[PDB]
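Enquirer: Provided below: target-v6.pdb, containing PDB, C-alpha atoms and all ligand atoms.
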ATOM      1  CA  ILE C  21       0.000   0.000   0.000  1.00  0.00           C
ATOM      2  CA  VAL C  22       1.475   3.298  -1.142  1.00  0.00           C
ATOM      3  CA  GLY C  23       0.356   6.464   0.620  1.00  0.00           C
ATOM      4  CA  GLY C  24      -1.651   4.694   3.312  1.00  0.00           C
ATOM      5  CA  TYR C  25      -1.466   4.405   7.072  1.00  0.00           C
ATOM      6  CA  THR C  26      -0.614   1.775   9.678  1.00  0.00           C
ATOM      7  CA  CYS C  27      -3.923  -0.004  10.312  1.00  0.00           C
ATOM      8  CA  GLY C  28      -3.241  -1.011  13.897  1.00  0.00           C
ATOM      9  CA  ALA C  29      -2.857  -4.592  15.040  1.00  0.00           C
ATOM     10  CA  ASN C  30      -5.840  -6.795  14.363  1.00  0.00           C
ATOM     11  CA  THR C  31      -8.088  -3.918  13.266  1.00  0.00           C
ATOM     12  CA  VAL C  32      -8.739  -5.656   9.947  1.00  0.00           C
ATOM     13  CA  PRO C  33      -9.688  -9.049  11.284  1.00  0.00           C
ATOM     14  CA  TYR C  34     -10.576 -10.682   7.983  1.00  0.00           C
ATOM     15  CA  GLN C  35      -7.179  -9.876   6.404  1.00  0.00           C
ATOM     16  CA  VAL C  36      -5.003 -12.929   5.840  1.00  0.00           C
ATOM     17  CA  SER C  37      -1.461 -13.414   4.626  1.00  0.00           C
ATOM     18  CA  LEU C  38      -0.789 -16.270   2.217  1.00  0.00           C
ATOM     19  CA  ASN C  39       2.575 -17.785   3.025  1.00  0.00           C
ATOM     20  CA  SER C  40       4.717 -20.251   1.083  1.00  0.00           C
ATOM     21  CA  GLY C  41       7.841 -19.785   3.174  1.00  0.00           C
ATOM     22  CA  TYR C  42       7.253 -16.020   2.966  1.00  0.00           C
ATOM     23  CA  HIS C  43       4.306 -13.694   2.540  1.00  0.00           C
ATOM     24  CA  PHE C  44       3.266 -13.527  -1.142  1.00  0.00           C
ATOM     25  CA  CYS C  45      -0.342 -12.345  -1.297  1.00  0.00           C
ATOM     26  CA  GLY C  46      -3.264 -11.190   0.757  1.00  0.00           C
ATOM     27  CA  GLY C  47      -6.682 -12.735   1.095  1.00  0.00           C
ATOM     28  CA  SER C  48      -9.954 -12.343   2.950  1.00  0.00           C
ATOM     29  CA  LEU C  49     -11.559 -14.782   5.407  1.00  0.00           C
ATOM     30  CA  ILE C  50     -15.193 -15.281   4.420  1.00  0.00           C
ATOM     31  CA  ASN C  51     -16.119 -18.056   6.850  1.00  0.00           C
ATOM     32  CA  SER C  52     -14.307 -20.303   9.331  1.00  0.00           C
ATOM     33  CA  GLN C  53     -13.059 -22.567   6.513  1.00  0.00           C
ATOM     34  CA  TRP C  54     -12.653 -20.399   3.409  1.00  0.00           C
ATOM     35  CA  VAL C  55     -10.519 -17.563   2.092  1.00  0.00           C
ATOM     36  CA  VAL C  56     -11.098 -15.437  -1.050  1.00  0.00           C
ATOM     37  CA  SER C  57      -8.000 -14.249  -2.934  1.00  0.00           C
ATOM     38  CA  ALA C  58      -6.869 -13.429  -6.472  1.00  0.00           C
ATOM     39  CA  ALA C  59      -6.403 -16.243  -9.014  1.00  0.00           C
ATOM     40  CA  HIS C  60      -3.061 -14.731  -9.920  1.00  0.00           C
ATOM     41  CA  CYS C  61      -1.983 -15.615  -6.362  1.00  0.00           C
ATOM     42  CA  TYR C  62      -2.471 -19.362  -7.082  1.00  0.00           C
ATOM     43  CA  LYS C  63       0.298 -21.719  -6.019  1.00  0.00           C
ATOM     44  CA  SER C  64       0.575 -25.037  -4.277  1.00  0.00           C
ATOM     45  CA  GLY C  65       1.618 -25.422  -0.642  1.00  0.00           C
ATOM     46  CA  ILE C  66      -0.137 -22.373   0.777  1.00  0.00           C
ATOM     47  CA  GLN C  67      -0.295 -21.760   4.526  1.00  0.00           C
ATOM     48  CA  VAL C  68      -2.954 -19.232   5.488  1.00  0.00           C
ATOM     49  CA  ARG C  69      -1.885 -16.878   8.304  1.00  0.00           C
ATOM     50  CA  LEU C  70      -4.764 -15.271  10.187  1.00  0.00           C
ATOM     51  CA  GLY C  71      -4.545 -12.833  13.108  1.00  0.00           C
ATOM     52  CA  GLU C  72      -1.386 -11.211  11.710  1.00  0.00           C
ATOM     53  CA  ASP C  73      -0.056  -7.747  12.247  1.00  0.00           C
ATOM     54  CA  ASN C  74       3.758  -7.932  12.041  1.00  0.00           C
ATOM     55  CA  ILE C  75       4.277 -10.810   9.592  1.00  0.00           C
ATOM     56  CA  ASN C  76       7.873 -11.327  10.798  1.00  0.00           C
ATOM     57  CA  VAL C  77       7.180 -11.523  14.555  1.00  0.00           C
ATOM     58  CA  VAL C  78       4.904 -13.914  16.487  1.00  0.00           C
ATOM     59  CA  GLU C  79       2.820 -11.476  18.495  1.00  0.00           C
ATOM     60  CA  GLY C  80       0.196 -13.746  20.046  1.00  0.00           C
ATOM     61  CA  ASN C  81      -2.955 -13.651  17.907  1.00  0.00           C
ATOM     62  CA  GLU C  82      -1.871 -15.720  14.908  1.00  0.00           C
ATOM     63  CA  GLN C  83      -3.515 -18.830  13.537  1.00  0.00           C
ATOM     64  CA  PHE C  84      -1.425 -20.654  10.893  1.00  0.00           C
ATOM     65  CA  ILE C  85      -3.552 -23.171   8.936  1.00  0.00           C
ATOM     66  CA  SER C  86      -2.484 -25.031   5.808  1.00  0.00           C
ATOM     67  CA  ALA C  87      -4.744 -24.994   2.762  1.00  0.00           C
ATOM     68  CA  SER C  88      -6.378 -28.295   1.844  1.00  0.00           C
ATOM     69  CA  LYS C  89      -7.589 -27.131  -1.627  1.00  0.00           C
ATOM     70  CA  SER C  90      -7.403 -24.131  -3.948  1.00  0.00           C
ATOM     71  CA  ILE C  91     -10.123 -23.431  -6.603  1.00  0.00           C
ATOM     72  CA  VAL C  92      -9.267 -20.889  -9.273  1.00  0.00           C
ATOM     73  CA  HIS C  93     -12.273 -19.437 -11.035  1.00  0.00           C
ATOM     74  CA  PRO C  94     -13.298 -21.616 -13.950  1.00  0.00           C
ATOM     75  CA  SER C  95     -12.955 -18.699 -16.406  1.00  0.00           C
ATOM     76  CA  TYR C  96      -9.792 -17.045 -15.064  1.00  0.00           C
ATOM     77  CA  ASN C  97      -7.654 -15.708 -17.867  1.00  0.00           C
ATOM     78  CA  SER C  98      -4.123 -14.932 -16.739  1.00  0.00           C
ATOM     79  CA  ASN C  99      -3.374 -12.761 -19.763  1.00  0.00           C
ATOM     80  CA  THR C 100      -6.242 -10.316 -19.257  1.00  0.00           C
ATOM     81  CA  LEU C 101      -6.831 -10.997 -15.533  1.00  0.00           C
ATOM     82  CA  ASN C 102     -10.518 -11.402 -16.238  1.00  0.00           C
ATOM     83  CA  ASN C 103     -12.111 -13.386 -13.400  1.00  0.00           C
ATOM     84  CA  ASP C 104      -9.137 -12.872 -11.057  1.00  0.00           C
ATOM     85  CA  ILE C 105     -10.591 -14.742  -8.101  1.00  0.00           C
ATOM     86  CA  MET C 106      -9.725 -17.939  -6.223  1.00  0.00           C
ATOM     87  CA  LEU C 107     -11.063 -19.742  -3.162  1.00  0.00           C
ATOM     88  CA  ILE C 108      -8.800 -21.464  -0.660  1.00  0.00           C
ATOM     89  CA  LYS C 109     -10.099 -24.024   1.876  1.00  0.00           C
ATOM     90  CA  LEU C 110      -8.450 -24.371   5.262  1.00  0.00           C
ATOM     91  CA  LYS C 111      -7.502 -27.841   6.596  1.00  0.00           C
ATOM     92  CA  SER C 112      -9.141 -26.923   9.875  1.00  0.00           C
ATOM     93  CA  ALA C 113     -11.651 -24.236  10.864  1.00  0.00           C
ATOM     94  CA  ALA C 114     -10.271 -20.961  12.146  1.00  0.00           C
ATOM     95  CA  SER C 115     -11.224 -19.944  15.659  1.00  0.00           C
ATOM     96  CA  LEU C 116     -13.348 -16.775  15.333  1.00  0.00           C
ATOM     97  CA  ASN C 117     -13.213 -13.951  18.100  1.00  0.00           C
ATOM     98  CA  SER C 118     -12.858 -10.061  17.469  1.00  0.00           C
ATOM     99  CA  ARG C 119      -9.277 -10.225  16.151  1.00  0.00           C
ATOM    100  CA  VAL C 120      -9.974 -13.056  13.638  1.00  0.00           C
ATOM    101  CA  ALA C 121     -13.300 -12.672  11.882  1.00  0.00           C
ATOM    102  CA  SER C 122     -14.949 -13.287   8.563  1.00  0.00           C
ATOM    103  CA  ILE C 123     -16.054 -10.466   6.251  1.00  0.00           C
ATOM    104  CA  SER C 124     -19.528 -10.503   4.712  1.00  0.00           C
ATOM    105  CA  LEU C 125     -20.052 -10.998   0.990  1.00  0.00           C
ATOM    106  CA  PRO C 126     -21.980  -8.293  -0.796  1.00  0.00           C
ATOM    107  CA  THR C 127     -25.668  -8.633  -1.448  1.00  0.00           C
ATOM    108  CA  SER C 128     -25.447  -5.712  -3.969  1.00  0.00           C
ATOM    109  CA  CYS C 129     -22.633  -4.273  -5.982  1.00  0.00           C
ATOM    110  CA  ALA C 130     -21.137  -1.004  -4.837  1.00  0.00           C
ATOM    111  CA  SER C 131     -21.314   2.261  -6.718  1.00  0.00           C
ATOM    112  CA  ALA C 132     -18.724   4.717  -7.874  1.00  0.00           C
ATOM    113  CA  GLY C 133     -18.006   7.196  -5.046  1.00  0.00           C
ATOM    114  CA  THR C 134     -18.361   4.642  -2.273  1.00  0.00           C
ATOM    115  CA  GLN C 135     -15.563   4.784   0.198  1.00  0.00           C
ATOM    116  CA  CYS C 136     -13.648   1.581   0.887  1.00  0.00           C
ATOM    117  CA  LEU C 137     -10.797   0.183   2.921  1.00  0.00           C
ATOM    118  CA  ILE C 138      -7.926  -1.506   1.077  1.00  0.00           C
ATOM    119  CA  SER C 139      -5.254  -3.272   3.090  1.00  0.00           C
ATOM    120  CA  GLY C 140      -2.121  -5.359   2.813  1.00  0.00           C
ATOM    121  CA  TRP C 141       1.590  -5.981   3.354  1.00  0.00           C
ATOM    122  CA  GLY C 142       2.706  -4.958  -0.105  1.00  0.00           C
ATOM    123  CA  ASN C 143       5.227  -2.394  -1.292  1.00  0.00           C
ATOM    124  CA  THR C 144       4.838   1.071   0.177  1.00  0.00           C
ATOM    125  CA  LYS C 145       6.841   2.902  -2.530  1.00  0.00           C
ATOM    126  CA  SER C 146       5.765   4.029  -5.997  1.00  0.00           C
ATOM    127  CA  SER C 147       9.379   4.105  -7.199  1.00  0.00           C
ATOM    128  CA  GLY C 148      11.665   1.447  -5.755  1.00  0.00           C
ATOM    129  CA  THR C 149      10.802  -0.966  -2.978  1.00  0.00           C
ATOM    130  CA  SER C 150      10.051  -1.151   0.704  1.00  0.00           C
ATOM    131  CA  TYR C 151       7.983  -3.931   2.278  1.00  0.00           C
ATOM    132  CA  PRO C 152       6.364  -3.293   5.587  1.00  0.00           C
ATOM    133  CA  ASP C 153       6.157  -5.712   8.354  1.00  0.00           C
ATOM    134  CA  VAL C 154       2.869  -4.420   9.800  1.00  0.00           C
ATOM    135  CA  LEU C 155      -0.433  -4.215   7.978  1.00  0.00           C
ATOM    136  CA  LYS C 156      -1.077  -1.024   5.960  1.00  0.00           C
ATOM    137  CA  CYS C 157      -4.434   0.534   5.138  1.00  0.00           C
ATOM    138  CA  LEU C 158      -5.797   2.951   2.577  1.00  0.00           C
ATOM    139  CA  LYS C 159      -9.224   4.578   2.381  1.00  0.00           C
ATOM    140  CA  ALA C 160     -10.154   5.095  -1.264  1.00  0.00           C
ATOM    141  CA  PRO C 161     -13.250   5.595  -3.378  1.00  0.00           C
ATOM    142  CA  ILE C 162     -14.548   3.423  -6.187  1.00  0.00           C
ATOM    143  CA  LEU C 163     -14.153   5.267  -9.494  1.00  0.00           C
ATOM    144  CA  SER C 164     -16.618   5.492 -12.300  1.00  0.00           C
ATOM    145  CA  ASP C 165     -16.572   2.811 -14.960  1.00  0.00           C
ATOM    146  CA  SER C 166     -16.000   5.537 -17.563  1.00  0.00           C
ATOM    147  CA  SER C 167     -12.915   6.914 -15.765  1.00  0.00           C
ATOM    148  CA  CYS C 168     -11.627   3.381 -15.265  1.00  0.00           C
ATOM    149  CA  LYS C 169     -11.964   2.520 -18.931  1.00  0.00           C
ATOM    150  CA  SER C 170     -10.437   5.803 -19.979  1.00  0.00           C
ATOM    151  CA  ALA C 171      -7.428   5.097 -17.752  1.00  0.00           C
ATOM    152  CA  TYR C 172      -6.989   1.564 -19.188  1.00  0.00           C
ATOM    153  CA  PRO C 173      -8.347   1.477 -22.723  1.00  0.00           C
ATOM    154  CA  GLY C 174      -9.271  -1.984 -23.940  1.00  0.00           C
ATOM    155  CA  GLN C 175      -8.574  -3.640 -20.581  1.00  0.00           C
ATOM    156  CA  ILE C 176     -11.490  -3.201 -18.133  1.00  0.00           C
ATOM    157  CA  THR C 177     -14.095  -5.938 -18.180  1.00  0.00           C
ATOM    158  CA  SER C 178     -17.436  -6.100 -16.415  1.00  0.00           C
ATOM    159  CA  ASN C 179     -15.636  -8.146 -13.714  1.00  0.00           C
ATOM    160  CA  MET C 180     -13.340  -5.266 -12.776  1.00  0.00           C
ATOM    161  CA  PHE C 181     -13.552  -1.878 -11.167  1.00  0.00           C
ATOM    162  CA  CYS C 182     -11.085   0.897 -10.422  1.00  0.00           C
ATOM    163  CA  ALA C 183     -10.593   2.477  -7.048  1.00  0.00           C
ATOM    164  CA  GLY C 184      -8.179   5.101  -5.740  1.00  0.00           C
ATOM    165  CA  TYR C 185      -6.984   8.490  -6.872  1.00  0.00           C
ATOM    166  CA  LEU C 186      -6.283   9.673 -10.408  1.00  0.00           C
ATOM    167  CA  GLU C 187      -3.813  12.250  -9.056  1.00  0.00           C
ATOM    168  CA  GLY C 188      -1.458   9.470  -8.000  1.00  0.00           C
ATOM    169  CA  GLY C 189       0.327   8.833  -4.649  1.00  0.00           C
ATOM    170  CA  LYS C 190      -2.218   6.475  -3.004  1.00  0.00           C
ATOM    171  CA  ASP C 191      -2.795   2.890  -4.225  1.00  0.00           C
ATOM    172  CA  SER C 192      -2.323  -0.776  -3.569  1.00  0.00           C
ATOM    173  CA  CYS C 193       0.825  -2.401  -4.925  1.00  0.00           C
ATOM    174  CA  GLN C 194       2.829  -5.583  -5.398  1.00  0.00           C
ATOM    175  CA  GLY C 195       2.339  -7.873  -2.410  1.00  0.00           C
ATOM    176  CA  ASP C 196      -1.150  -6.520  -1.727  1.00  0.00           C
ATOM    177  CA  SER C 197      -2.458  -8.796  -4.492  1.00  0.00           C
ATOM    178  CA  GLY C 198      -5.398 -10.939  -3.453  1.00  0.00           C
ATOM    179  CA  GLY C 199      -6.303  -8.755  -0.485  1.00  0.00           C
ATOM    180  CA  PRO C 200      -9.525  -6.996   0.404  1.00  0.00           C
ATOM    181  CA  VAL C 201     -11.418  -3.964  -0.696  1.00  0.00           C
ATOM    182  CA  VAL C 202     -14.194  -3.584   1.929  1.00  0.00           C
ATOM    183  CA  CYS C 203     -16.968  -1.016   1.609  1.00  0.00           C
ATOM    184  CA  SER C 204     -19.632  -0.532   4.270  1.00  0.00           C
ATOM    185  CA  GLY C 205     -18.634  -3.842   5.872  1.00  0.00           C
ATOM    186  CA  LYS C 206     -18.843  -5.927   2.663  1.00  0.00           C
ATOM    187  CA  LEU C 207     -16.063  -7.448   0.560  1.00  0.00           C
ATOM    188  CA  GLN C 208     -16.528  -5.671  -2.778  1.00  0.00           C
ATOM    189  CA  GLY C 209     -13.051  -6.063  -4.304  1.00  0.00           C
ATOM    190  CA  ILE C 210      -9.888  -8.081  -4.554  1.00  0.00           C
ATOM    191  CA  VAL C 211      -6.506  -6.418  -5.253  1.00  0.00           C
ATOM    192  CA  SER C 212      -5.884  -7.469  -8.867  1.00  0.00           C
ATOM    193  CA  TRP C 213      -3.677  -5.260 -11.045  1.00  0.00           C
ATOM    194  CA  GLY C 214      -2.574  -1.802 -12.162  1.00  0.00           C
ATOM    195  CA  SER C 215       0.186  -0.058 -14.076  1.00  0.00           C
ATOM    196  CA  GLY C 216       2.946   0.367 -11.575  1.00  0.00           C
ATOM    197  CA  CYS C 217       1.667   1.672  -8.237  1.00  0.00           C
ATOM    198  CA  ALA C 218       0.236   5.066  -7.327  1.00  0.00           C
ATOM    199  CA  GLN C 219       0.923   6.513 -10.758  1.00  0.00           C
ATOM    200  CA  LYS C 220      -0.996   9.459 -12.103  1.00  0.00           C
ATOM    201  CA  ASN C 221      -4.033   8.384 -14.174  1.00  0.00           C
ATOM    202  CA  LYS C 222      -3.410   4.715 -13.394  1.00  0.00           C
ATOM    203  CA  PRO C 223      -5.656   3.724 -10.515  1.00  0.00           C
ATOM    204  CA  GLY C 224      -5.844   0.302  -8.978  1.00  0.00           C
ATOM    205  CA  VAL C 225      -7.941  -2.351 -10.657  1.00  0.00           C
ATOM    206  CA  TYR C 226      -9.923  -4.731  -8.512  1.00  0.00           C
ATOM    207  CA  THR C 227     -11.946  -7.923  -9.070  1.00  0.00           C
ATOM    208  CA  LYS C 228     -15.677  -7.090  -8.773  1.00  0.00           C
ATOM    209  CA  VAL C 229     -16.646  -9.558  -6.053  1.00  0.00           C
ATOM    210  CA  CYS C 230     -20.415  -8.957  -6.296  1.00  0.00           C
ATOM    211  CA  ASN C 231     -20.384 -10.817  -9.640  1.00  0.00           C
ATOM    212  CA  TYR C 232     -19.032 -13.955  -7.979  1.00  0.00           C
ATOM    213  CA  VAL C 233     -21.251 -14.387  -4.921  1.00  0.00           C
ATOM    214  CA  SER C 234     -23.305 -17.134  -6.542  1.00  0.00           C
ATOM    215  CA  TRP C 235     -20.177 -19.037  -7.577  1.00  0.00           C
ATOM    216  CA  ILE C 236     -18.586 -18.587  -4.147  1.00  0.00           C
ATOM    217  CA  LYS C 237     -21.672 -19.858  -2.326  1.00  0.00           C
ATOM    218  CA  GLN C 238     -22.246 -22.832  -4.568  1.00  0.00           C
ATOM    219  CA  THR C 239     -18.560 -23.786  -4.462  1.00  0.00           C
ATOM    220  CA  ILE C 240     -18.425 -23.656  -0.670  1.00  0.00           C
ATOM    221  CA  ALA C 241     -21.671 -25.702  -0.484  1.00  0.00           C
ATOM    222  CA  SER C 242     -20.090 -28.589  -2.435  1.00  0.00           C
ATOM    223  CA  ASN C 243     -16.435 -28.515  -1.289  1.00  0.00           C
TER     224      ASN C 243
HETATM  225 CA    CA C 301       2.929 -12.078  13.425  1.00  0.00          CA
END
Can the structure from this file be put into structure tokens for me?
Expert:
Amino acid sequence: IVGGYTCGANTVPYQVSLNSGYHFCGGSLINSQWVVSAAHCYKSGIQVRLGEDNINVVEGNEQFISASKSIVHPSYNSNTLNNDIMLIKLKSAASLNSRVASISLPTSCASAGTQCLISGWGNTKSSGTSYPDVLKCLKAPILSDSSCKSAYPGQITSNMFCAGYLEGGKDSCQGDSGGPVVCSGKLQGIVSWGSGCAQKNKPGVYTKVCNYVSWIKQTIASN
């Protein structure tokens, strides 16, 4: 997260870190057994780390649970990032309390102008590289479809939305991938892609979670 703030430990209780020997992506806990992330975050041998603040220090609220299964969206295209969503099942159920909690799925899509909270452990610089140990946060609005398409001609599908600031300076970034965009207490987006980070006229692009609620529910019901 570039141009954000330190969230505070365990203030974003649905935020998870996906770990394969190291943090590589975010995700969102949606029930005791299941995490939503980006399909571009797929790999084998994932351990899901819940209750994290400093990802390099055991601070006392962590739950580390290996994944038993990953399900990439049936129509994910890695070239265009259309349908950039993946579900991960935990080998055991997480213990839920106020520091580790699920986030609700949307019942309606969000509108441009809605304010949201984007979070993660990704790069905090727009030029060059610095990875934080503690969770970073950014409040940002959803942008209009027209501004999003104008920013990224030929690239924005109906399964994507832009959020952030056209002026630059405030965005998600590498290492935030897969993590949440939460608006009014609902998971509306997944950190997906963008051109660089925090660049002028190049806002963040996010998977439009409201389009996938049916798929998520039916997949959980049968897996
Ligand atoms: Ca920790």
Enquirer: Could you expand the PyMOL selection byres (((chain C and resi 189-197) around 9) and not hetatm) into the explicit residues it covers here, written as a ChimeraX atom specification?
Expert: /C:21-24,43-47,57-58,60-61,138-146,151,158,160,183-188,198-200,210-214,216-220,223-224
Enquirer: Got time to write the residues from that selection, C-alpha atoms, as a tab-separated table (two decimals), in the frame of the given file?
Expert:
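The result, written out as part_3.tsv:
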chain	number	residue	atom	x	y	z
C	21	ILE	CA	0.00	0.00	0.00
C	22	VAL	CA	1.48	3.30	-1.14
C	23	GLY	CA	0.36	6.46	0.62
C	24	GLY	CA	-1.65	4.69	3.31
C	43	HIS	CA	4.31	-13.69	2.54
C	44	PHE	CA	3.27	-13.53	-1.14
C	45	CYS	CA	-0.34	-12.34	-1.30
C	46	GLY	CA	-3.26	-11.19	0.76
C	47	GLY	CA	-6.68	-12.74	1.10
C	57	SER	CA	-8.00	-14.25	-2.93
C	58	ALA	CA	-6.87	-13.43	-6.47
C	60	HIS	CA	-3.06	-14.73	-9.92
C	61	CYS	CA	-1.98	-15.62	-6.36
C	138	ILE	CA	-7.93	-1.51	1.08
C	139	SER	CA	-5.25	-3.27	3.09
C	140	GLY	CA	-2.12	-5.36	2.81
C	141	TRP	CA	1.59	-5.98	3.35
C	142	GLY	CA	2.71	-4.96	-0.10
C	143	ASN	CA	5.23	-2.39	-1.29
C	144	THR	CA	4.84	1.07	0.18
C	145	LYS	CA	6.84	2.90	-2.53
C	146	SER	CA	5.76	4.03	-6.00
C	151	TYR	CA	7.98	-3.93	2.28
C	158	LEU	CA	-5.80	2.95	2.58
C	160	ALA	CA	-10.15	5.10	-1.26
C	183	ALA	CA	-10.59	2.48	-7.05
C	184	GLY	CA	-8.18	5.10	-5.74
C	185	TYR	CA	-6.98	8.49	-6.87
C	186	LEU	CA	-6.28	9.67	-10.41
C	187	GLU	CA	-3.81	12.25	-9.06
C	188	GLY	CA	-1.46	9.47	-8.00
C	198	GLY	CA	-5.40	-10.94	-3.45
C	199	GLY	CA	-6.30	-8.76	-0.48
C	200	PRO	CA	-9.52	-7.00	0.40
C	210	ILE	CA	-9.89	-8.08	-4.55
C	211	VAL	CA	-6.51	-6.42	-5.25
C	212	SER	CA	-5.88	-7.47	-8.87
C	213	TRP	CA	-3.68	-5.26	-11.04
C	214	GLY	CA	-2.57	-1.80	-12.16
C	216	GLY	CA	2.95	0.37	-11.58
C	217	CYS	CA	1.67	1.67	-8.24
C	218	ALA	CA	0.24	5.07	-7.33
C	219	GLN	CA	0.92	6.51	-10.76
C	220	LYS	CA	-1.00	9.46	-12.10
C	223	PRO	CA	-5.66	3.72	-10.52
C	224	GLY	CA	-5.84	0.30	-8.98
Enquirer: Evaluating the PyMOL selection byres (((not hetatm)) within 6 of (chain C and resi 301)) on the displayed file yields which residues, as a list in words?
Expert: residues 72, 73, 74, 75, 76, 77, 78 and 79 of chain C
Enquirer: Give me, please, the distance in Å between CA of residue 116 (chain C) and CA of residue 162 (chain C), quoted to one decimal.
Expert: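 For CA of residue 116 (chain C) relative to CA of residue 162 (chain C), the distance reads 29.5 Å.
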Enquirer: Using the chain letters and residue numbers of this document, give as a VMD selection string the residues selected by the PyMOL selection byres (((chain C and resi 131) around 9) and not hetatm).
Expert: chain C and resid 129 to 130 132 to 134 162 to 164
Enquirer: Interatomic distance between CA of residue 51 (chain C) and CA of residue 122 (chain C)?
Expert: 5.2 Å
Enquirer: Using Å and a single decimal, report how far CA of residue 157 (chain C) sits from CA of residue 35 (chain C).
Expert: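 Separation of CA of residue 35 (chain C) and CA of residue 157 (chain C): 10.8 Å.
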Enquirer: Let me have the centre and edge lengths of the axis-aligned box enclosing all listed atoms of region 53-69 of chain C with 5 Å padding on every side, in Å to one decimal, as JSON.
Expert:
{"center_x": -5.7, "center_y": -19.4, "center_z": -0.8, "size_x": 24.7, "size_y": 22.0, "size_z": 28.2}
Enquirer: Please determine the residues with any atom at most 8 Å from (-7.0, -15.0, 4.1) (coordinates as given in the file, with all atoms listed in the file counting) and report them as a PDB file with C-alpha atoms, in the frame of the given file.
Expert:
ATOM      1  CA  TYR C  34     -10.576 -10.682   7.983  1.00  0.00           C
ATOM      2  CA  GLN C  35      -7.179  -9.876   6.404  1.00  0.00           C
ATOM      3  CA  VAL C  36      -5.003 -12.929   5.840  1.00  0.00           C
ATOM      4  CA  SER C  37      -1.461 -13.414   4.626  1.00  0.00           C
ATOM      5  CA  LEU C  38      -0.789 -16.270   2.217  1.00  0.00           C
ATOM      6  CA  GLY C  46      -3.264 -11.190   0.757  1.00  0.00           C
ATOM      7  CA  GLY C  47      -6.682 -12.735   1.095  1.00  0.00           C
ATOM      8  CA  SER C  48      -9.954 -12.343   2.950  1.00  0.00           C
ATOM      9  CA  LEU C  49     -11.559 -14.782   5.407  1.00  0.00           C
ATOM     10  CA  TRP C  54     -12.653 -20.399   3.409  1.00  0.00           C
ATOM     11  CA  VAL C  55     -10.519 -17.563   2.092  1.00  0.00           C
ATOM     12  CA  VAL C  56     -11.098 -15.437  -1.050  1.00  0.00           C
ATOM     13  CA  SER C  57      -8.000 -14.249  -2.934  1.00  0.00           C
ATOM     14  CA  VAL C  68      -2.954 -19.232   5.488  1.00  0.00           C
ATOM     15  CA  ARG C  69      -1.885 -16.878   8.304  1.00  0.00           C
ATOM     16  CA  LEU C  70      -4.764 -15.271  10.187  1.00  0.00           C
ATOM     17  CA  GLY C 199      -6.303  -8.755  -0.485  1.00  0.00           C
TER      18      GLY C 199
END
Enquirer: Which residue is closest to residue 123 (chain C)? Choose from C:215, C:32, C:207, C:233 and count only C-alpha atoms.
Expert: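 Looking only at the distances to residue 123 (chain C), the closest residue turns out to be C:207.
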Enquirer: Here is a test: counting only C-alpha atoms, which residue of C:205, C:148, C:94, C:161 is nearest to residue 236 (chain C)?
Expert: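 Closest candidate: C:94.
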Enquirer: Scan for residues within 12 Å of the point (1.8, -25.7, 0.3) in the coordinates of the file, using all atoms listed in the file, and reply as a count of residues only.
Expert: 21
Enquirer: Looking at all atoms listed in the file, which of C:81, C:174, C:96, C:109 is the one that sits closest to residue 240 (chain C)?
Expert: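 Counting all atoms listed in the file, the residue closest to residue 240 (chain C) is C:109.
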Enquirer: Using all atoms listed in the file, which of C:115, C:221, C:208, C:179 sits nearest residue 167 (chain C)?
Expert: C:221
Enquirer: Kindly reconstruct region 205-215 of chain C with N, CA and C atoms and present the result as a short mmCIF file (atom, residue, chain, number, x, y, z; two decimals), in the frame of the given file.
Expert:
data_model
loop_
_atom_site.label_atom_id
_atom_site.label_comp_id
_atom_site.auth_asym_id
_atom_site.auth_seq_id
_atom_site.Cartn_x
_atom_site.Cartn_y
_atom_site.Cartn_z
N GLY C 205 -18.65 -2.56 5.19
CA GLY C 205 -18.63 -3.84 5.87
C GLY C 205 -18.80 -5.05 4.97
N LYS C 206 -18.68 -4.85 3.66
CA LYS C 206 -18.84 -5.93 2.66
C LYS C 206 -17.58 -6.01 1.83
N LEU C 207 -17.22 -7.24 1.45
CA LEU C 207 -16.06 -7.45 0.56
C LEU C 207 -16.48 -7.20 -0.91
N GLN C 208 -16.14 -6.04 -1.44
CA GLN C 208 -16.53 -5.67 -2.78
C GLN C 208 -15.41 -5.88 -3.80
N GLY C 209 -14.17 -5.91 -3.36
CA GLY C 209 -13.05 -6.06 -4.30
C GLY C 209 -11.92 -6.91 -3.81
N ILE C 210 -11.13 -7.35 -4.78
CA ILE C 210 -9.89 -8.08 -4.55
C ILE C 210 -8.78 -7.34 -5.27
N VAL C 211 -7.66 -7.06 -4.58
CA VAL C 211 -6.51 -6.42 -5.25
C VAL C 211 -6.06 -7.27 -6.42
N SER C 212 -6.14 -6.71 -7.63
CA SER C 212 -5.88 -7.47 -8.87
C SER C 212 -4.69 -6.94 -9.65
N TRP C 213 -4.74 -5.71 -10.19
CA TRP C 213 -3.68 -5.26 -11.04
C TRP C 213 -3.69 -3.74 -11.15
N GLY C 214 -2.66 -3.22 -11.82
CA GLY C 214 -2.57 -1.80 -12.16
C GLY C 214 -1.25 -1.55 -12.86
N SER C 215 -1.07 -0.38 -13.43
CA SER C 215 0.19 -0.06 -14.08
C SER C 215 1.15 0.59 -13.10
#
